[PDB]
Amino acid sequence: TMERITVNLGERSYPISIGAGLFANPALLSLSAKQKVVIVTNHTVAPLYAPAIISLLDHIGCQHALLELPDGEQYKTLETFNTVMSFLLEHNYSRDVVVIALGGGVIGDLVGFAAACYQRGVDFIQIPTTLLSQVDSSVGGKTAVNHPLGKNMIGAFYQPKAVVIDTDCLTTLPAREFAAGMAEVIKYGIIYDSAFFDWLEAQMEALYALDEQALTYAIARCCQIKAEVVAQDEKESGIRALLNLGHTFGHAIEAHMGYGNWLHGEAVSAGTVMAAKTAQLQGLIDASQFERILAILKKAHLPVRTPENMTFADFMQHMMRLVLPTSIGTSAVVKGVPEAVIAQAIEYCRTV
């Protein structure tokens, strides 16, 4: 009772296992008893889910070790990366070591990049534990760390050997974090799959109730969508941009409200609404299409209104090309949208 997606990358092809109680199936890890595994997680996730993974490794017969990094985006740095390197080196780990990234997107990116650079690359397995990481970190191979002068500017494209997603870990995930992740779930429906959007409209209640079947289906379809978006980009470099719906306006909110105030997903929600209205003002979608987009984000308990104290100037400050929906299920990168239209989109969204 679980779905499995296979990301096509030839030699790098891997499986994404998504289901309930998966942390009990040792065969999803694909490891031999001779392999030495190192679980890298943070101080919060460790006591919660490390034990399940640790028991999974003992059944197989693997020799293991645990490394707990400090919890927080402020620690997604080169220094913490170095902590992973130092650890791997002081315990004499070879290029055959298998690294398991157990945690949210912060751990996924940092440990993934750590895995990419150690002796020029060692196998790693993702075990995302936030809704956002499960639907975004699982595909694309992006890994990174921050620099004082810039976020996610140091990194690499590195694929995992496997990705294990047990929908049960979401139960301990804080309400806001879960909602923040729905922003991304909803995004896929808007930009690429009309049928999936309609399904989301009907199953929101069930998703927020943490219905097993609904979660599994939702996460699985997001991973497929992103996998196809990325597969196309290798043929014609351009469609992967579509994944940035709402990020332009969103980034401006986060940047202005101070990082950590608004979660990224909440900022993406309001940005998506602003993008949709911009689309409507440009004639790319109609009134009722906008209303369906607005209504679903509201149903997902996400912010949809322009922040009370952000002026149009504040947005331009961080904004100065946009991803706009062209219907519910289709989108496009639109170039040359007049400031006036953007301004009116921003102002209009104070009424939603």
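For every residue, the number given is its place in the sequence shown, counted from 1.
- A chain break between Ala287 and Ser288 is not present, all residues of the deposited sequence in that interval being modelled.
- For the pair 42 to 50 and 23 to 31, the record assigns the higher mean C-alpha temperature factor to 23 to 31.
- With 10 to 18 and 328 to 336 compared on mean CA B-factor from the PDB entry, the stretch scoring higher is 10 to 18.
- Residue-level inspection of the entry shows that, of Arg240, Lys277, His264, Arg120, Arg240 has the top Cα B-factor.
- When the C-alpha B-factors of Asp109, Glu79, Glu236, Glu184 are read from the PDB record, the largest value belongs to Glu236.
- For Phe249, the recorded CA B-factor ranks within the lowest third of the chain. Only modelled residues enter the ranking.
- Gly105 sits in the lowest third of its chain by CA B factor, as recorded in the PDB entry.
- For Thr172, the recorded CA temperature factor ranks within the middle third of the chain's modelled residues.
- For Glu73, the recorded CA B-factor ranks within the lowest third of the chain. Only modelled residues enter the ranking.
- Placement of the Cα temperature factor of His147 within the chain: lowest third of the modelled residues, per the deposited record.
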